[PDB]
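Participant: Structure file upload.csv (CSV, N, CA, C and O atoms) is given on the next line.
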```csv
chain,number,residue,atom,x,y,z
R,9,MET,N,10.7,9.7,-6.0
R,9,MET,CA,9.6,9.3,-5.1
R,9,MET,C,8.6,8.4,-5.9
R,9,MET,O,7.5,8.8,-6.3
R,10,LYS,N,9.0,7.1,-5.9
R,10,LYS,CA,8.2,6.1,-6.6
R,10,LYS,C,8.0,4.9,-5.7
R,10,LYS,O,8.9,4.5,-4.9
R,11,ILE,N,6.8,4.3,-5.7
R,11,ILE,CA,6.5,3.1,-4.9
R,11,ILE,C,5.9,2.0,-5.7
R,11,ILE,O,5.2,2.2,-6.7
R,12,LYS,N,6.3,0.7,-5.4
R,12,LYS,CA,5.8,-0.4,-6.1
R,12,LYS,C,5.0,-1.3,-5.2
R,12,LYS,O,5.5,-1.9,-4.2
R,13,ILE,N,3.7,-1.5,-5.5
R,13,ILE,CA,2.8,-2.4,-4.7
R,13,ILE,C,2.4,-3.6,-5.5
R,13,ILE,O,1.8,-3.5,-6.5
R,14,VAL,N,2.8,-4.8,-5.0
R,14,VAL,CA,2.4,-6.0,-5.6
R,14,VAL,C,1.2,-6.7,-4.9
R,14,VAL,O,1.3,-7.2,-3.8
R,15,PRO,N,0.1,-6.7,-5.6
R,15,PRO,CA,-1.2,-7.3,-5.1
R,15,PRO,C,-1.1,-8.8,-5.0
R,15,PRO,O,-0.7,-9.4,-6.0
R,16,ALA,N,-1.6,-9.3,-3.9
R,16,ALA,CA,-1.6,-10.8,-3.7
R,16,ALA,C,-2.9,-11.4,-4.2
R,16,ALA,O,-3.6,-12.1,-3.5
R,17,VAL,N,-3.2,-11.2,-5.5
R,17,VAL,CA,-4.4,-11.7,-6.1
R,17,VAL,C,-4.1,-13.0,-6.8
R,17,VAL,O,-4.4,-13.1,-8.0
R,18,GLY,N,-3.5,-13.9,-6.2
R,18,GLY,CA,-3.1,-15.2,-6.8
R,18,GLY,C,-2.4,-15.0,-8.1
R,18,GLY,O,-3.0,-15.2,-9.2
R,19,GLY,N,-1.1,-14.7,-8.0
R,19,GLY,CA,-0.3,-14.5,-9.2
R,19,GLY,C,-0.5,-13.1,-9.8
R,19,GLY,O,-0.2,-12.9,-11.0
R,20,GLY,N,-0.9,-12.2,-9.0
R,20,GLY,CA,-1.2,-10.8,-9.5
R,20,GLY,C,0.1,-10.2,-10.0
R,20,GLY,O,1.1,-10.9,-10.1
R,21,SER,N,0.0,-8.9,-10.4
R,21,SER,CA,1.1,-8.2,-11.0
R,21,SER,C,1.4,-6.9,-10.3
R,21,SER,O,0.5,-6.2,-9.9
R,22,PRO,N,2.7,-6.6,-10.1
R,22,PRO,CA,3.1,-5.3,-9.4
R,22,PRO,C,2.7,-4.1,-10.3
R,22,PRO,O,2.8,-4.1,-11.5
R,23,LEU,N,2.4,-3.0,-9.6
R,23,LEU,CA,2.0,-1.7,-10.2
R,23,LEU,C,2.9,-0.6,-9.7
R,23,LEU,O,3.1,-0.5,-8.5
R,24,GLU,N,3.3,0.3,-10.5
R,24,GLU,CA,4.1,1.5,-10.1
R,24,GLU,C,3.2,2.7,-10.1
R,24,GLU,O,2.5,3.1,-11.0
R,25,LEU,N,3.3,3.4,-8.9
R,25,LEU,CA,2.5,4.6,-8.7
R,25,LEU,C,3.3,5.7,-7.9
R,25,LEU,O,4.2,5.3,-7.2
R,26,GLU,N,2.9,6.9,-8.0
R,26,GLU,CA,3.6,8.0,-7.3
R,26,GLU,C,2.8,8.4,-6.1
R,26,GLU,O,1.7,9.0,-6.1
R,27,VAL,N,3.3,8.0,-4.9
R,27,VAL,CA,2.6,8.3,-3.6
R,27,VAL,C,3.7,8.7,-2.6
R,27,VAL,O,4.8,8.3,-2.6
R,28,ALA,N,3.2,9.4,-1.5
R,28,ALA,CA,4.1,9.8,-0.5
R,28,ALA,C,3.7,9.1,0.9
R,28,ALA,O,2.6,9.4,1.4
R,29,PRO,N,4.6,8.3,1.4
R,29,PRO,CA,4.4,7.6,2.6
R,29,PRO,C,4.4,8.5,3.8
R,29,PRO,O,4.0,8.1,4.9
R,30,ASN,N,4.9,9.7,3.6
R,30,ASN,CA,4.9,10.7,4.7
R,30,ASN,C,3.6,11.5,4.9
R,30,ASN,O,3.5,12.4,5.6
R,31,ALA,N,2.6,11.0,4.1
R,31,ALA,CA,1.3,11.6,4.2
R,31,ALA,C,0.3,10.8,5.1
R,31,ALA,O,0.0,11.2,6.2
R,32,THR,N,-0.2,9.7,4.5
R,32,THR,CA,-1.1,8.9,5.2
R,32,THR,C,-1.1,7.4,4.7
R,32,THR,O,-1.0,7.2,3.5
R,33,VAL,N,-1.2,6.5,5.6
R,33,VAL,CA,-1.2,5.1,5.2
R,33,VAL,C,-2.5,4.7,4.4
R,33,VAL,O,-2.4,4.1,3.3
R,34,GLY,N,-3.7,5.1,4.9
R,34,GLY,CA,-4.9,4.9,4.2
R,34,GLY,C,-5.0,5.5,2.9
R,34,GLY,O,-5.6,5.0,1.9
R,35,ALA,N,-4.4,6.7,2.7
R,35,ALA,CA,-4.4,7.4,1.5
R,35,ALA,C,-3.6,6.6,0.4
R,35,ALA,O,-4.1,6.5,-0.8
R,36,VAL,N,-2.4,6.1,0.7
R,36,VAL,CA,-1.6,5.4,-0.2
R,36,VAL,C,-2.3,4.0,-0.6
R,36,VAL,O,-2.4,3.7,-1.7
R,37,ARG,N,-2.8,3.3,0.5
R,37,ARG,CA,-3.5,2.1,0.2
R,37,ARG,C,-4.7,2.2,-0.6
R,37,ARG,O,-5.0,1.4,-1.5
R,38,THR,N,-5.4,3.3,-0.4
R,38,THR,CA,-6.6,3.6,-1.2
R,38,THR,C,-6.3,4.0,-2.7
R,38,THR,O,-7.0,3.6,-3.6
R,39,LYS,N,-5.2,4.7,-2.8
R,39,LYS,CA,-4.7,5.1,-4.1
R,39,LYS,C,-4.3,3.9,-5.0
R,39,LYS,O,-4.7,3.8,-6.2
R,40,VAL,N,-3.6,3.0,-4.4
R,40,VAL,CA,-3.1,1.8,-5.1
R,40,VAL,C,-4.3,0.9,-5.4
R,40,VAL,O,-4.4,0.2,-6.4
R,41,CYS,N,-5.2,0.7,-4.4
R,41,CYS,CA,-6.4,-0.1,-4.5
R,41,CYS,C,-7.3,0.3,-5.6
R,41,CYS,O,-7.7,-0.5,-6.4
R,42,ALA,N,-7.5,1.6,-5.7
R,42,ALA,CA,-8.4,2.2,-6.7
R,42,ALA,C,-7.8,2.0,-8.1
R,42,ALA,O,-8.4,1.6,-9.1
R,43,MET,N,-6.4,2.2,-8.2
R,43,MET,CA,-5.7,2.1,-9.5
R,43,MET,C,-5.9,0.6,-10.0
R,43,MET,O,-5.9,0.4,-11.2
R,44,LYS,N,-6.0,-0.3,-9.1
R,44,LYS,CA,-6.2,-1.7,-9.5
R,44,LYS,C,-7.7,-2.1,-9.5
R,44,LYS,O,-8.0,-3.2,-9.9
R,45,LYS,N,-8.5,-1.2,-9.0
R,45,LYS,CA,-9.9,-1.5,-8.9
R,45,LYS,C,-10.2,-2.7,-8.0
R,45,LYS,O,-10.9,-3.7,-8.4
R,46,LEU,N,-9.8,-2.5,-6.7
R,46,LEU,CA,-10.0,-3.6,-5.7
R,46,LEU,C,-10.9,-3.1,-4.6
R,46,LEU,O,-11.1,-1.9,-4.4
R,47,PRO,N,-11.5,-4.0,-3.9
R,47,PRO,CA,-12.4,-3.7,-2.8
R,47,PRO,C,-11.7,-3.1,-1.6
R,47,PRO,O,-10.9,-3.7,-0.9
R,48,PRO,N,-11.9,-1.8,-1.3
R,48,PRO,CA,-11.3,-1.1,-0.2
R,48,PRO,C,-11.8,-1.6,1.2
R,48,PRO,O,-11.1,-1.4,2.2
R,49,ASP,N,-13.0,-2.1,1.2
R,49,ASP,CA,-13.6,-2.6,2.4
R,49,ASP,C,-12.8,-3.8,3.0
R,49,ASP,O,-12.6,-3.9,4.2
R,50,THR,N,-12.4,-4.7,2.1
R,50,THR,CA,-11.6,-5.8,2.5
R,50,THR,C,-10.2,-5.8,1.9
R,50,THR,O,-9.9,-6.6,1.0
R,51,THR,N,-9.4,-4.8,2.3
R,51,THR,CA,-8.1,-4.7,1.8
R,51,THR,C,-7.1,-4.3,2.9
R,51,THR,O,-7.4,-3.5,3.8
R,52,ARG,N,-5.9,-4.9,2.9
R,52,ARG,CA,-4.9,-4.6,3.9
R,52,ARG,C,-3.6,-4.3,3.3
R,52,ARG,O,-3.4,-4.6,2.1
R,53,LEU,N,-2.7,-3.7,4.1
R,53,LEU,CA,-1.3,-3.4,3.6
R,53,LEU,C,-0.3,-3.7,4.6
R,53,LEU,O,-0.4,-3.5,5.8
R,54,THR,N,0.8,-4.3,4.2
R,54,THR,CA,1.9,-4.7,5.0
R,54,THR,C,3.2,-4.2,4.5
R,54,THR,O,3.6,-4.4,3.4
R,55,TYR,N,4.0,-3.6,5.4
R,55,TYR,CA,5.3,-3.0,5.1
R,55,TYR,C,6.4,-3.4,6.1
R,55,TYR,O,6.2,-3.2,7.3
R,56,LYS,N,7.5,-4.0,5.6
R,56,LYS,CA,8.6,-4.4,6.5
R,56,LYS,C,8.1,-5.4,7.5
R,56,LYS,O,8.6,-5.4,8.7
R,57,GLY,N,7.1,-6.2,7.2
R,57,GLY,CA,6.6,-7.2,8.1
R,57,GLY,C,5.7,-6.5,9.2
R,57,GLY,O,5.3,-7.2,10.1
R,58,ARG,N,5.4,-5.2,9.0
R,58,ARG,CA,4.6,-4.5,10.0
R,58,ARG,C,3.4,-3.9,9.3
R,58,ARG,O,3.5,-3.4,8.1
R,59,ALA,N,2.3,-3.8,10.0
R,59,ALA,CA,1.1,-3.2,9.5
R,59,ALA,C,0.9,-1.8,10.0
R,59,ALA,O,0.8,-1.5,11.2
R,60,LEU,N,0.8,-0.8,9.0
R,60,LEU,CA,0.7,0.6,9.3
R,60,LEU,C,-0.7,1.1,8.9
R,60,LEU,O,-1.3,0.6,8.0
R,61,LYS,N,-1.2,2.1,9.6
R,61,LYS,CA,-2.5,2.7,9.2
R,61,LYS,C,-2.6,4.1,9.8
R,61,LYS,O,-2.5,5.1,9.1
R,62,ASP,N,-2.8,4.2,11.1
R,62,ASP,CA,-2.9,5.5,11.8
R,62,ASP,C,-1.6,6.1,12.0
R,62,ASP,O,-1.5,7.3,12.5
R,63,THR,N,-0.5,5.4,11.6
R,63,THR,CA,0.8,6.0,11.7
R,63,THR,C,1.0,7.2,10.9
R,63,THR,O,1.9,8.0,11.1
R,64,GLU,N,0.1,7.4,10.0
R,64,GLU,CA,0.1,8.6,9.1
R,64,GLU,C,1.3,8.6,8.2
R,64,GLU,O,1.3,8.3,7.0
R,65,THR,N,2.5,9.0,8.8
R,65,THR,CA,3.7,9.1,8.0
R,65,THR,C,4.6,7.8,8.3
R,65,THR,O,4.4,7.1,9.3
R,66,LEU,N,5.4,7.5,7.3
R,66,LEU,CA,6.3,6.3,7.4
R,66,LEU,C,7.7,6.7,7.7
R,66,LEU,O,8.5,5.8,8.0
R,67,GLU,N,8.0,8.0,7.5
R,67,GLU,CA,9.4,8.5,7.7
R,67,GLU,C,9.8,8.2,9.2
R,67,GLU,O,11.0,7.9,9.4
R,68,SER,N,8.9,8.2,10.1
R,68,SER,CA,9.2,8.0,11.5
R,68,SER,C,9.7,6.5,11.7
R,68,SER,O,10.4,6.2,12.6
R,69,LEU,N,9.2,5.7,10.8
R,69,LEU,CA,9.5,4.2,10.9
R,69,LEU,C,10.7,3.9,9.9
R,69,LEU,O,11.3,2.8,10.0
R,70,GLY,N,11.0,4.8,9.0
R,70,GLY,CA,12.0,4.6,8.0
R,70,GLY,C,11.5,4.6,6.6
R,70,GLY,O,11.1,3.6,6.0
R,71,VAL,N,11.5,5.8,6.0
R,71,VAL,CA,11.0,6.0,4.7
R,71,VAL,C,12.2,5.9,3.7
R,71,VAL,O,13.3,6.3,3.9
R,72,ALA,N,11.9,5.2,2.5
R,72,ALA,CA,12.9,5.1,1.5
R,72,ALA,C,12.3,5.2,0.1
R,72,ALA,O,11.2,4.8,-0.1
R,73,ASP,N,13.1,5.7,-0.8
R,73,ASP,CA,12.7,5.9,-2.2
R,73,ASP,C,12.8,4.6,-3.0
R,73,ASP,O,13.9,4.0,-3.1
R,74,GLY,N,11.7,4.1,-3.6
R,74,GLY,CA,11.7,2.9,-4.3
R,74,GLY,C,11.3,1.7,-3.5
R,74,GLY,O,11.6,0.5,-3.9
R,75,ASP,N,10.7,1.9,-2.4
R,75,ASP,CA,10.3,0.8,-1.5
R,75,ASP,C,9.2,-0.1,-2.1
R,75,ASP,O,8.8,0.2,-3.3
R,76,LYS,N,8.8,-1.1,-1.4
R,76,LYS,CA,7.8,-2.0,-1.9
R,76,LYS,C,6.8,-2.4,-0.9
R,76,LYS,O,7.2,-2.8,0.2
R,77,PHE,N,5.5,-2.3,-1.2
R,77,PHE,CA,4.5,-2.6,-0.2
R,77,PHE,C,3.6,-3.8,-0.7
R,77,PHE,O,3.4,-4.0,-1.9
R,78,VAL,N,3.1,-4.6,0.2
R,78,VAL,CA,2.3,-5.8,-0.2
R,78,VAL,C,0.8,-5.5,0.0
R,78,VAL,O,0.4,-5.1,1.1
R,79,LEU,N,0.0,-5.6,-1.0
R,79,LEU,CA,-1.4,-5.4,-1.0
R,79,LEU,C,-2.2,-6.7,-1.0
R,79,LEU,O,-2.0,-7.5,-1.9
R,80,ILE,N,-3.0,-6.9,0.0
R,80,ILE,CA,-3.8,-8.1,0.1
R,80,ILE,C,-5.3,-7.8,-0.1
R,80,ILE,O,-5.8,-6.7,0.3
R,81,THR,N,-6.0,-8.7,-0.6
R,81,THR,CA,-7.4,-8.5,-0.9
R,81,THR,C,-8.2,-9.8,-0.7
R,81,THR,O,-7.8,-10.9,-1.2
R,82,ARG,N,-9.3,-9.8,0.1
R,82,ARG,CA,-10.1,-10.9,0.4
R,82,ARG,C,-11.4,-11.0,-0.5
R,82,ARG,O,-11.8,-9.9,-0.9
R,83,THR,N,-11.9,-12.2,-0.7
R,83,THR,CA,-13.1,-12.3,-1.5
R,83,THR,C,-14.3,-12.3,-0.6
R,83,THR,O,-14.5,-13.2,0.2
R,84,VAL,N,-15.2,-11.3,-0.8
R,84,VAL,CA,-16.4,-11.2,0.0
R,84,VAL,C,-17.5,-10.6,-0.8
R,84,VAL,O,-17.3,-10.3,-2.0
R,85,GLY,N,-18.7,-10.4,-0.2
R,85,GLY,CA,-19.8,-9.8,-0.9
R,85,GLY,C,-21.1,-10.1,-0.3
R,85,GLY,O,-22.2,-9.9,-0.9
```
I need this file expressed as structure tokens, please.

Facilitator:
Amino acid sequence: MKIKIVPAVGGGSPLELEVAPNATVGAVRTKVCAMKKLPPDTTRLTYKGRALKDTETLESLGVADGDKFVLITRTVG
């Protein structure tokens, strides 16, 4: 049960963390964002070319061990 999220911070670096996609989208996105110390207010997540959030679980859409999610962050303030 491992997931790899690569932040799109202009040449950013991928980070490995332990999260469950069968729990909540916002929970996972917030967990990875915090680990990288990024702005949660202006942050999005894309999986399989699709944006999830209220979906809660990802198993219904197809959960896999060792998947990869894309983390985006905008510059604001």

Participant: Run DSSP on the backbone and tell me which residues of chain R come out as strand (DSSP E); list them as a list in words.

Facilitator: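 For chain R, the strand (DSSP E) set is residues 11, 12, 13, 14, 15, 23, 24, 25, 51, 52, 53, 54, 76, 77, 78, 79, 80 and 81 of chain R.
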
Participant: So which bits of chain R end up helix (DSSP H, G or I) when you DSSP the backbone, as number ranges by chain?

Facilitator: R: 33-44

Participant: I need the residues from that last selection saved to file as an mmCIF file, keeping the file's coordinate frame (with N, CA, C and O atoms), if you can.

Facilitator:
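After the write, again27.cif holds the following:
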```cif
data_model
loop_
_atom_site.group_PDB
_atom_site.id
_atom_site.type_symbol
_atom_site.label_atom_id
_atom_site.label_comp_id
_atom_site.auth_asym_id
_atom_site.auth_seq_id
_atom_site.Cartn_x
_atom_site.Cartn_y
_atom_site.Cartn_z
ATOM 1 N N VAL R 33 -1.200 6.500 5.600
ATOM 2 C CA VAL R 33 -1.200 5.100 5.200
ATOM 3 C C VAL R 33 -2.500 4.700 4.400
ATOM 4 O O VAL R 33 -2.400 4.100 3.300
ATOM 5 N N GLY R 34 -3.700 5.100 4.900
ATOM 6 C CA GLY R 34 -4.900 4.900 4.200
ATOM 7 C C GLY R 34 -5.000 5.500 2.900
ATOM 8 O O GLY R 34 -5.600 5.000 1.900
ATOM 9 N N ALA R 35 -4.400 6.700 2.700
ATOM 10 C CA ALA R 35 -4.400 7.400 1.500
ATOM 11 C C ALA R 35 -3.600 6.600 0.400
ATOM 12 O O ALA R 35 -4.100 6.500 -0.800
ATOM 13 N N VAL R 36 -2.400 6.100 0.700
ATOM 14 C CA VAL R 36 -1.600 5.400 -0.200
ATOM 15 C C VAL R 36 -2.300 4.000 -0.600
ATOM 16 O O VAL R 36 -2.400 3.700 -1.700
ATOM 17 N N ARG R 37 -2.800 3.300 0.500
ATOM 18 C CA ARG R 37 -3.500 2.100 0.200
ATOM 19 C C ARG R 37 -4.700 2.200 -0.600
ATOM 20 O O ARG R 37 -5.000 1.400 -1.500
ATOM 21 N N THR R 38 -5.400 3.300 -0.400
ATOM 22 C CA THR R 38 -6.600 3.600 -1.200
ATOM 23 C C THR R 38 -6.300 4.000 -2.700
ATOM 24 O O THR R 38 -7.000 3.600 -3.600
ATOM 25 N N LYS R 39 -5.200 4.700 -2.800
ATOM 26 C CA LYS R 39 -4.700 5.100 -4.100
ATOM 27 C C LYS R 39 -4.300 3.900 -5.000
ATOM 28 O O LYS R 39 -4.700 3.800 -6.200
ATOM 29 N N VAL R 40 -3.600 3.000 -4.400
ATOM 30 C CA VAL R 40 -3.100 1.800 -5.100
ATOM 31 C C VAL R 40 -4.300 0.900 -5.400
ATOM 32 O O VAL R 40 -4.400 0.200 -6.400
ATOM 33 N N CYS R 41 -5.200 0.700 -4.400
ATOM 34 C CA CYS R 41 -6.400 -0.100 -4.500
ATOM 35 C C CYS R 41 -7.300 0.300 -5.600
ATOM 36 O O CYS R 41 -7.700 -0.500 -6.400
ATOM 37 N N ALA R 42 -7.500 1.600 -5.700
ATOM 38 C CA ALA R 42 -8.400 2.200 -6.700
ATOM 39 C C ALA R 42 -7.800 2.000 -8.100
ATOM 40 O O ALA R 42 -8.400 1.600 -9.100
ATOM 41 N N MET R 43 -6.400 2.200 -8.200
ATOM 42 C CA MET R 43 -5.700 2.100 -9.500
ATOM 43 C C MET R 43 -5.900 0.600 -10.000
ATOM 44 O O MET R 43 -5.900 0.400 -11.200
ATOM 45 N N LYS R 44 -6.000 -0.300 -9.100
ATOM 46 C CA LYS R 44 -6.200 -1.700 -9.500
ATOM 47 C C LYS R 44 -7.700 -2.100 -9.500
ATOM 48 O O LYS R 44 -8.000 -3.200 -9.900
#
```

Participant: When you draw a straight line from atom C of residue 62 (chain R) to atom C of residue 38 (chain R), how long is it in Å?

Facilitator: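 Here the two named atoms are 15.6 Å from each other.
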
Participant: Name the residues in contact with residue 50 (chain R) at a cut-off of 12 Å, using only C-alpha atoms, excluding same-chain residues fewer than 5 positions from it; report them as an NGL selection string.

Facilitator: :R and (37-38 or 41 or 79-85)

Participant: Rounded to one decimal place, report the atom O of residue 27 (chain R)-atom C of residue 10 (chain R) distance in Å.

Facilitator: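 Those two atoms sit 5.6 Å apart.
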
Participant: Out of R:68, R:74, R:9, R:59, which residue has the shortest atom-to-atom distance to residue 28 (chain R) when counting all atoms listed in the file?

Facilitator: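 So, comparing all the options, the nearest one is R:9.
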
Participant: Excluding residue 67 (chain R) and residues on its chain fewer than 6 positions from it, collect all residues at most 8 Å away from it, counting all atoms listed in the file, and give them as a VMD selection string.

Facilitator: chain R and resid 28 to 31

Participant: Give the answer as one residue: which of R:72, R:53, R:25, R:60 has the shortest atom-to-atom distance to residue 40 (chain R), using only C-alpha atoms?

Facilitator: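 Smallest separation from residue 40 (chain R) among the options: R:25.
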
Participant: Using Å and a single decimal, report how far atom N of residue 49 (chain R) sits from atom N of residue 17 (chain R).

Facilitator: 15.0 Å

Participant: Nearest to residue 52 (chain R) among R:66, R:14, R:23, R:78, with distances taken over all atoms listed in the file: which residue is it?

Facilitator: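 Checking each candidate against residue 52 (chain R), we get R:78 as the closest.
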
Participant: Restricting the calculation to all atoms listed in the file, which member of R:63, R:11, R:75, R:57 is positioned closest to residue 26 (chain R)?

Facilitator: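 Ranking R:63, R:11, R:75, R:57 by distance to residue 26 (chain R), first place goes to R:11.
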